[PDB]
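Read the structure below first, then the notes.
Here is the naming used below: chain letters follow the sequence lines, and residue numbers restart at 1 for every chain. Side chains are part of it too, since the values below use all heavy atoms of this structure and drop only hydrogens, waters and symmetry mates.
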Amino acid sequence: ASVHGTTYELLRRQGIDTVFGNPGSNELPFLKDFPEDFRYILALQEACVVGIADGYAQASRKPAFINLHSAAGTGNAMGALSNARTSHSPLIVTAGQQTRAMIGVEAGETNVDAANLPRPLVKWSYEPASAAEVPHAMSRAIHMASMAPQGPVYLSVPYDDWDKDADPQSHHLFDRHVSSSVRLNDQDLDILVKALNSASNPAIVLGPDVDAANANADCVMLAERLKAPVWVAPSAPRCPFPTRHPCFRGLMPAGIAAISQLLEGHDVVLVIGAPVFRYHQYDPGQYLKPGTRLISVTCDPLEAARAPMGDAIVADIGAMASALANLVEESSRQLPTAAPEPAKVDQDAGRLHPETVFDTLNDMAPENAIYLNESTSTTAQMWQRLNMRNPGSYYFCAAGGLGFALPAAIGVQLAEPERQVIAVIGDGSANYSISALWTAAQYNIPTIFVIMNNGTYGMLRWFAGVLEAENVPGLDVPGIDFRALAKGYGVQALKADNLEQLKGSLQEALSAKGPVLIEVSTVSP
Amino acid sequence: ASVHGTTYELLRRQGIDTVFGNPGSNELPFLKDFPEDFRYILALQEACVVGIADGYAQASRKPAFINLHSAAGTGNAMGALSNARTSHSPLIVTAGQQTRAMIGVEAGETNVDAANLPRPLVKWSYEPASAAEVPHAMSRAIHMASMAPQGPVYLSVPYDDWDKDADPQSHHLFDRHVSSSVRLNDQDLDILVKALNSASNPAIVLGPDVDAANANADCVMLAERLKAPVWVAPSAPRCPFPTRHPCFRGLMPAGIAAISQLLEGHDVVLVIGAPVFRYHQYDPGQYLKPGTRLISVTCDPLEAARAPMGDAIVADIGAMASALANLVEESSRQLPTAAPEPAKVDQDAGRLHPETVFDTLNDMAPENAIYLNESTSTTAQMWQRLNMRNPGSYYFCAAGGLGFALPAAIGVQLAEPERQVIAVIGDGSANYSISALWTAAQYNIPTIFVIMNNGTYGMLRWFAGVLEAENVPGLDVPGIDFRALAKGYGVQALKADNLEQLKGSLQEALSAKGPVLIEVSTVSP
Amino acid sequence: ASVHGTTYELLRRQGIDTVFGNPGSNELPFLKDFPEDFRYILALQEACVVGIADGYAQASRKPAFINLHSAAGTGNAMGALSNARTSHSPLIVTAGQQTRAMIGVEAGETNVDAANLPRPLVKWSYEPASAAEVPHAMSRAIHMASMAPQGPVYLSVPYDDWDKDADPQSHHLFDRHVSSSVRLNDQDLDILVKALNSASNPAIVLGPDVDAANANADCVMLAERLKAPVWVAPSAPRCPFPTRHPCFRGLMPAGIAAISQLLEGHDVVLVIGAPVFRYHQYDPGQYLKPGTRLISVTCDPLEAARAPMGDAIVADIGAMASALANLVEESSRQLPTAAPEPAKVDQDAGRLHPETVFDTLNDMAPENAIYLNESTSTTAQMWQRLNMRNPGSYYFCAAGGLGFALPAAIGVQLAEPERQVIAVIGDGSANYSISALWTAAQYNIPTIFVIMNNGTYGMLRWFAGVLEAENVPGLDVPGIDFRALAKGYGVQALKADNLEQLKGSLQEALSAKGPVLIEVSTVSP
Ligand SMILES: Cc1ncc(C[n+]2csc(CCOP(=O)(O)OP(=O)(O)O)c2C)c(N)n1
Ligand SMILES: Cc1ncc(C[n+]2csc(CCOP(=O)(O)OP(=O)(O)O)c2C)c(N)n1
Ligand SMILES: Cc1ncc(C[n+]2csc(CCOP(=O)(O)OP(=O)(O)O)c2C)c(N)n1
Ligand SMILES: [Mg+2]
Ligand SMILES: [Mg+2]
Ligand SMILES: [Mg+2]
């Protein structure tokens, strides 16, 4: 048995059947003799490769296996890896190293000081000291990505290892089951339950690790029993709660004073599967107002440590949420009132307001639609106007790194073939990972890409306003033809310059068998 | 309120009342105005400082706070930190940085690229970007050390920060409670319980995290109910089980084939709070023999990932052990038979066999004695001949780094004033952290230090034999007077050149009110 | 030919005949079959090992080869390595790694993420990917330490590599000669020469790289021709100039305003082989006063980049100094006047003033004495009172890390057997690397150790004053018997409680054939 054979046996035994990658010389000895039960998804740039794997990993709730070329390939993917870290995405990142004999003289394609390259974004980074170690290194990689808190890992492999004899004792790796499905002990759980039952005006804040766990239904159960309003934590990479449920209060303000003021009057605030908290607007003030106690359930020690206030419990979100919801008493308090219908905004038969685009998608798109967002100006309106009833219905770059939603959209669609993926992407964001379009076309992945063309980096023009920053160059991105780029990568090119054109374009893309791009003319503020 | 005042309020509110350190210029602004409710333990070298803190941390089962000087002080402690990593010791390591204005030009005492220095040994390493951040950084440090898996952390602080205004919102830090007291969910725990109840010839292996958790009594309960033999995992940094209990099988062989052969016939092998496994002799073969399934409970994802075989569960050892022992059925199988009494070895009235020294200590030393071991030749005999009935009765350098047991002995004794600490230290090991003796004397810490003088690095002469390595220089360490060194640091100097002299010396040291060193003439093999 | 044989052939062919080390399991396969033409110097702790190598490297002006054990040994030496960085000391640091088969499971003595450990202090850190690479890695290590700027390097080697077949093509390594003996091109050198010739009131500042280059005589030539005063740069790790030469102005003040004021009136200030500048007192003000231009010749890009003012030239100090001194014109200006004789200080027949100790050493000690200083309170007086006529006559911890001068003293003495080494070490500093004494005794190295016992960390009591920091714990170190510690390691123990006792003790130590320690009772300020 070779290192090659043993590695592919371990992958399949660990439930991996897919390889996301961009090939190169150092990967050919791993990629040759490709098993019939595996499939390779090619992307044209390593940002795109990882972004696709990311979406696939996040929607599947399983490890995604990546294979990149040396330093240059790993490097090209580092922005994408910055999103995977905050996402807690289980990404197994492998990269071909030059032969052991050639590393010393630093021959072309040598990854110098390989394990340092992807730091500090990965939970684990390693290059084995012998070819027989490679399978054992892969085992650690697989388990390091899948254990709470989940995240990207990095394995560098000299290309001459693949053909060498595997250690026969590597077979003990194949069926290893590692569990982190843990929850607070009975004594301390009862105390926390007793404090939730005796809370007067309880409040709940939910983050991406709830949607990752598919703890959504258990959190609905909890919010009903406690009769408590539910917010999503700021800079939300995912949606952990039905957005039209009576308890849902929508997206939290990203400011310190704003959140404290919001939370004032709530005696107990239970945060689940979110950092405390991903602020971005610097709006200073009190973290919490007097009378408000905060308890945080997180899968990430880092999150527990950095919280500027409140108690924390480090545990698996599924296990905690399941236990919390079954143990908690039924309050005789009244269920909070559903949020009102959004205002229909003023719309002429010219350029489309984003508010109009979102209303149209809510009306036309399937009830089990999956949305992705890289339209940075319009995030608030999209959370208000899209009714997302089910889990895994929203993805947004977790560390704010643009070039996620386009490839990720393809990865989600591949992971969820029965669910229509609709990526709403700003004219600016579309360019970062534009070559990802090709993959949707080559593997007939029917992702819909909705380009919001306001001819500008709108979120930055807004930020410059708040900052009162004038004479900033490079805020405008005119002279981009998105129908020409879609055609460039073999993706069907529709347009919508008005409401009737958007209704018809949408209707067309829904029933289209392949990927469709819709270039939307939107109002420039 | 200054950063100084807020930091000392957070320490005391987080339960810290002691500072282990060696001072320097960059630490004076932190160390000035020293609160009455705190105490400073001075050591003369930073290896000694950390080793003392380590012992104190390990015996107390609480964070120990350290304060060292810049790069040079941190650097001097790095060997000691290598032991703390494997130990899972909650060590809060702080180090004075030069003023923010002086860092740029790299003025004398500037710690260049500070957070990188102690990597890769620490769980967390940081230098704050502003003086107002320091308290928040300390909060993260405290929680990063105390959360499972416990371990050393590193905070670098520019010395001009201490006097600056603290952020008033830092008060939210003071009372933060972070829990990792977690255990496997009911459904998967029941499955594991069902497999332990239905095991034919169950086996148990215990590691240092059991003694850390004080999970010892729960593991005795478990071994009785399962009627199963109990080994300690190899390179044991601690003792997790009464060594004269009917089930105790002693220390495991550190080889692959040896352990597999040992485990052959055991259908289920439950490992708790140990890596799988800390081999040192390279004796190759099968990891496990057919018919043997391995389940590992560990507090450390790293341990779970790197295990070359078996299932793993990442959770708190106290919570897992408590749950396992109460849920498990009472087997109607017969309790395993106590191990035989050790053979008394041949002894004349000249140089002492280590076997004799250990028999003498077992007879004379209190039932609740705490032992430390840095006598690398004689570890096996010491495990066989010392009856350790209680928790926290054994410490041994976890990563094998010499210069731990002498300072650690002082730290344990300070943490456990009602328990006689007896450090059995080889002539070789004694030198690494020799200046630690002074601290025992300056703070009247009645640690007994037993120096095994065979005039050589015995373990290395043995290793060179196994390797058949000849003409190795520097294996012998003649011409060391340990009574002169003890006097050098104000520690009472006894000797034992025969059995009667060892009996009387021991009797004297037991009733001595201060630290005693006993130089023992032992047989050179 | 094995990796072992080829490595020892490369060392000897590269001019290495000495191994400084503390052994362990992972080093036995390198250390076995020790060649007859090599010698091993054992130290009892890795701080001591490196400190000895450091002194030897600095006095010899050649690479020193070190061999430590895994993480714990490397770690123990990290403080010492922090001094070697600022020193630009050519230290080849090797450390035994566990076998390639055992690294994966992290068996006892495994150095985890080995090359990261000694960062950020080393110029180069590496673990080879194959046993056949080891010789090539050693070649890089040797050349990376010896090229300007010189500094410590780190090589980690799995212990099973040593016995494996070497690549025959490794023979090309043996005789490789790498040169950095470079100087500014003629056109730019002429411009700089023209600006030195046309300078009105030129000034010269010299640093440790001048003494490293043995550029001392060329810098005397330069100072005579320019008729310019010569200072030594602050925090001086070495002495680059005869201290009783008419031009010598002594040690510079370590403050910004102080140095600028000092330099005011000097139209051109030429700094050679020094950082610009190693400030420690934060005394703010102007870096340079108007009318003062600064030109810096340094061997270190880092030094060139971080200078807050002036022009820099990155080149070899020997080559630059030699060229500068031969090209420069003979000024018809008058030679600066020799500094006055120091004041004899008030002395009774009780405890000795440091001023008295230094006057006594100047009178009695040989003209070609080598001094080392770890008496942190008394540095200024020692520079004023010791006439150092020759190169390599002064060493002081370069990064201020205590535990350098005691081992370094032994290394210097071994490198310079015809020159009496006299280490003046504070009561505090003596403890950091106290076990180094044994090596002086075991290899009969006749280093004289002069312990300045004021029973305190004097420099820290002074610093706390300047800072007006009160109630600082751990500033006092009473109850240390240094004659007992010397005896402990077999070193002859003299004392001096008054002047007559110091005169006689000194006279005795000078003619003693082995190491002598002199415990001096000094006045506590
Ligand atoms: C890789 C990367 N580069 C730059 C940014 C900064 N950034 C945040 S939003 C934004 C503008 C995006 O514009 P567009 O996609 O047109 O959306 P709009 O703001 O107009 O809705 C930019 C450049 C980033 N987050 N990531
Ligand atoms: C810091 C460090 N340096 C070196 C070693 C390697 N080492 C392991 S055991 C040993 C010998 C210790 O001798 P001693 O304390 O006399 O005990 P003995 O073997 O004679 O019982 C050495 C040097 C180590 N583990 N740590
Ligand atoms: C490893 C290390 N720890 C601590 C310090 C801080 N420090 C600088 S000088 C000093 C006091 C040294 O005292 P001693 O050797 O007695 O000399 P004195 O000041 O009394 O002359 C200390 C601890 C340091 N530089 N390096
Ligand atoms: Mg835009
Ligand atoms: Mg010994
Ligand atoms: Mg002193």
Do any N or O atoms from the side chain of [X] and from the backbone of [Y] form a donor-acceptor pair under 3.5 angstrom?
X: C:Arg419; Y: C:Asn368; result: yes
X: B:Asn454; Y: B:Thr522; result: no
X: C:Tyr394; Y: C:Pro237; result: no
X: B:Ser433; Y: B:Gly403; result: yes
X: B:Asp476; Y: B:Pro478; result: no
X: C:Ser393; Y: C:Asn390; result: yes
X: C:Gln347; Y: C:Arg351; result: yes
X: B:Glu374; Y: B:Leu406; result: no
X: C:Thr243; Y: C:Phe248; result: no
X: B:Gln45; Y: B:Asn76; result: yes

Should [X] and [Y] count as side-chain neighbours, where that means a heavy-atom distance under 4.5 Å?
X: B:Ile434; Y: B:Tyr432; answer: no
X: C:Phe38; Y: C:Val19; answer: yes
X: C:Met388; Y: C:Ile370; answer: no
X: C:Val412; Y: C:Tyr56; answer: no
X: C:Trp438; Y: B:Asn431; answer: no
X: C:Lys495; Y: C:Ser505; answer: no
X: C:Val93; Y: C:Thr74; answer: no
X: C:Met138; Y: C:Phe65; answer: yes

Using 0.5 Å steps for rounding, measure from the [atom1] atom of [X] to the [atom2] atom of [Y].
X: C:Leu517; Y: C:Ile451; atom1: CG; atom2: CD1; value: 4.5 Å
X: C:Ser377; Y: C:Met459; atom1: OG; atom2: CE; value: 5.5 Å
X: C:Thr447; Y: C:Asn444; atom1: OG1; atom2: CG; value: 11.0 Å
X: C:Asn373; Y: C:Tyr395; atom1: CG; atom2: OH; value: 14.0 Å
X: C:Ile410; Y: C:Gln442; atom1: CD1; atom2: CD; value: 12.0 Å
X: C:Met382; Y: C:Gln384; atom1: CE; atom2: CD; value: 12.5 Å

If I compare all heavy atoms of [X] with all of [Y], which pair ends up nearest, and what's the gap?
X: C:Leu361; Y: C:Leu386; value: CB-CD2, 4.3 Å
X: C:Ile41; Y: C:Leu414; value: CG1-CD2, 3.9 Å
X: C:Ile142; Y: C:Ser146; value: O-OG, 2.7 Å
X: C:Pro515; Y: C:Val491; value: O-CG1, 3.5 Å
X: C:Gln150; Y: C:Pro90; value: OE1-CG, 3.3 Å
X: C:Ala236; Y: C:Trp383; value: CB-CZ2, 3.8 Å

Kindly determine whether C:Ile16 and C:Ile92 satisfy side-chain contact (heavy atoms from CB on, under 4.5 Å), including the steps that lead there.
CA-CA 10 Å; C:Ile16 290 151; C:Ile92 301 152; 3.7 Å; yes
Does the side chain of [X] come under 3.5 Å of the side chain of [Y] through a donor N or O and an acceptor N or O?
X: C:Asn216; Y: C:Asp211; value: yes
X: C:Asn453; Y: C:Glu519; value: yes
X: C:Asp209; Y: C:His88; value: yes

Apply side-chain contact (heavy atoms from CB on, under 4.5 Å) to residues C:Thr376 and C:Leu460 and explain how you reach the verdict.
CA-CA 9 Å; C:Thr376 42; C:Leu460 266 29; over 6 Å; no
Set out, in order, the CA-CA distance, both residues' side-chain angles and the distance that settles salt bridge (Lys or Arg N to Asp or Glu O under 4.0 Å) for C:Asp481 and B:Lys487, then state yes or no.
CA-CA 7 Å; C:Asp481 184 339; B:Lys487 186 182 175 83; 5.0 Å; no
Quick check: C:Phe30 with C:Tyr8 (ring centres under 6.0 Å apart)?
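Yes - the distance between ring centres of C:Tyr8 and C:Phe30 falls below the 6.0 Å cut-off.
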I'd like to know whether NZ of C:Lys32 has more than 12 heavy-atom contacts from other residues, nucleotides or ligands below 6.0 angstrom.
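More than 12 within 6.0 Å, yes.
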Hey, mind stepping through C:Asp427 and C:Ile480 against side-chain contact (heavy atoms from CB on, under 4.5 Å) and telling me if it holds?
CA-CA 8 Å; C:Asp427 63 308; C:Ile480 307 187; 6.0 Å; no
Mind running side-chain contact (heavy atoms from CB on, under 4.5 Å) on B:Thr439 and B:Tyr489 for me, showing each step along the way?
CA-CA 8 Å; B:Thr439 302; B:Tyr489 288 130; over 6 Å; no
Evaluate the criterion ring-ring contact (aromatic ring centres under 6.0 Å, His included) for residue pair C:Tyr371 and C:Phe358; output intermediate values, then yes/no.
CA-CA 11 Å; C:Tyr371 297 105; C:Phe358 298 132; 8.6 Å; no
Does C:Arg12 form a salt bridge (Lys or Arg N to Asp or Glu O under 4.0 Å) with C:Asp37? I'd like the steps, not just the answer.
CA-CA 8 Å; C:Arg12 60 167 72 86; C:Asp37 68 310; 3.0 Å; yes
